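The chain below stands alone and is given in structure tokens; this is the form deposited in one PDB entry.
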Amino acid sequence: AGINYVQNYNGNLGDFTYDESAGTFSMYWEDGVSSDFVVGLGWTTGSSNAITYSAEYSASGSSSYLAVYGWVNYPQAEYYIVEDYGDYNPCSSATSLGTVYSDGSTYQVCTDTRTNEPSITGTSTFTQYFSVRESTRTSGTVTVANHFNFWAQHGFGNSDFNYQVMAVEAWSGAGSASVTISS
């Protein structure tokens, strides 16, 4: 997998375990969380390369994602390719950009502006981009290039990437997950 980056934003909200050279991690939050964590494994510098994963993901009662997750340095952007999720669809509140088809499913696409919020530069203003899979799954290949090229039509810089990971995120409710990245 060539993992060279560990994502750990508030992993101590639950039980985050990882092994970089295996490309495995797990995150248990079965007692619930009241604030956001984002944990996972991947690459110091993102690219349009496809990502292949497999997971156990049990988040039905949780505001949670199983997602490709990363940033663009500038113009600053936080992005998600949500493969499965719990009780919160980001495209319910956010601005719809339509849909894109990739790897066997429609994805709902949306965007939001975050003003003076936590970022990879302290607190800042950035744009969020989300692809949310209509047919949810816990294993497969994400053709990242199809999401990047679609988002790029709506302002996504599609260059000058920061880190890029397969992640589990949750900020409300309880759940558990165990993930393997192969590529």
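Quick note: we count residues from 1 along the sequence shown, nothing fancier.
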(request) Select between 90-98 and 71-79 the stretch whose C-alpha atoms have the higher average B-factor in the entry. (result) 90-98
(request) Select between 116-124 and 29-37 the stretch whose C-alpha atoms have the higher average B-factor in the entry. (result) 29-37
(message) In terms of recorded Cα temperature factor, pick the maximum from 153, 60, 158, 131.
(response) 60
(request) Within this chain's modelled residues, let me know which third the CA B factor of residue 16 belongs to: lowest, middle or highest. (result) highest
(message) Could you place residue 167 in the lowest, middle or highest third of its chain by Cα temperature factor, using the values in the record?
(response) lowest
(request) Among all modelled residues of this chain, ranked by Cα B factor, put residue 66 in the bottom, middle or top third, i.e. lowest, middle or highest. (result) lowest
